[PDB]
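# Coordinates in review
Residue strings, one per chain:
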Amino acid sequence: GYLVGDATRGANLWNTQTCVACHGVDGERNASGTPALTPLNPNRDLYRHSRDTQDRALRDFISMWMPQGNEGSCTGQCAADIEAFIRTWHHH
Ligand code: HEC
Ligand code: NA
């Protein structure tokens, strides 16, 4: 049925699936202290990529659209886990 995302695993996949390169550690900053190349707002109810035709759940946005340039590399449980991780950011 509906996969259950694990935020702790998503914190690791954030790096290994290369999200960190474009979005920094937290959608705001890089480890180096410079601003992220592309911000990521972790608090939208739904996400609509500029090339999409409808709003998506965060995990489905990730499956379809990210990492940009190699979108098929994170789907399914990867996408669920990273969704869960991103939804922890407003507790930062
Ligand atoms: C640079 C090569 C990127 C990599 C690697 C990843 N993302 Fe990305 N992301 C990138 C761009 C240019 C954009 C904008 C897309 C558009 O609408 O044209 C995004 C957007 C996101 C968002 C939405 C952010 C928002 O504030 O609405 C999310 C949630 C997102 N990206 C997630 C994400 C994840 C989980 C990645 C690793 C699997 C990832 N991105 C990689 C550029 C790049
Ligand atoms: Na994907």
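As deposited, the entry is annotated with X-ray crystallography as its determination method and 1.200 Å as its resolution.

Glancing now at unusual backbone geometry. The omega angle of the peptide bond from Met-66 to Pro-67 is -10°, so this bond is cis rather than trans. Note that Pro-67 resides in the loop between helix 3 (58-65) and helix 4 (76-87). Although it is not a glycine, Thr-18 sits at a positive phi angle of roughly 80°. Mapped onto the fold, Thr-18 is located in the loop between helix 1 (7-16) and helix 2 (19-23).

Below, the discussion takes up the pattern of salt bridges. Two side chains with opposite charge may pair up if their charged atoms get near one another. Tallied over the full model, the rule gives 5 salt bridges. Between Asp-81 and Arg-9 there is a salt bridge, and its shortest N-O distance comes to 2.9 Å. In this pair, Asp-81 is assigned in helix 4 and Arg-9 in helix 1, connecting sequence segments 72 residues apart. Take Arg-9: its relative accessible area is 43%, and that puts it in the partly exposed class. Notably, a salt bridge pairs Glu-83 with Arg-59, separated by 2.8 Å at the nearest N-O pair. Here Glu-83, found in helix 4, pairs with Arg-59, found in helix 3; they are 24 residues apart in sequence, far enough to count as distant. Taken together, the shared-partner salt bridges connect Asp-26, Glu-28 and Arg-29 into one network.

What follows covers the nonpolar core. Burial of nonpolar side chains together is a common tendency in soluble globular proteins. With 17 residues, the main nonpolar core has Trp-14, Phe-61, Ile-62, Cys-74, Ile-82, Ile-86 and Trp-89 as its most contacted residues. Broken down by secondary-structure element, the contributors of at least two residues to this core are helix 1, helix 3 and helix 4. Residues within four places of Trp-89 in sequence aside, it is in contact with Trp-14, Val-25, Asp-26, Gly-27, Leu-40 and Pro-42.

Time to look at the site of ligand 1. Surrounding ligand 1, one finds 19 residues, the nearest of these being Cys-19, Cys-22, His-23, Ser-50 and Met-66. Contact distances for ligand 1 include 2.9 Å between an oxygen atom and a backbone N or O atom of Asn-41. Among the secondary structure elements, those contributing two or more residues to the shell around ligand 1 are helix 2 and helix 3. For the shell around ligand 1, the per-class residue count stands at 11 nonpolar, 7 polar and 1 charged.

Cut-off values and rules
Residues numbered from 1 in each chain as written, not as in the entry; some residues may be left out. Chains lettered and ligands numbered in written order. Heavy atoms only, no water. Helix = DSSP H or I, 4+ residues; strand = E, 2+ residues; numbered from the N terminus. Salt bridge = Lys/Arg side-chain N within 4 Å of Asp/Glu carboxyl O. Buried < 20%, exposed > 50% of the residue type's maximum accessible area, 1.4 Å probe, protein only. Core = buried A, V, L, I, M, F, W, Y, C linked by side-chain atoms within 4.5 Å. Contact = heavy atoms within 4.5 Å. Near = heavy atom within 4 Å. Polar contact = N/O pair within 3.5 Å; in protein donor to acceptor, adjacent residues only side chain to side chain. Nonpolar A, V, L, I, M, F, W, Y, C, P; charged D, E, K, R; others polar.

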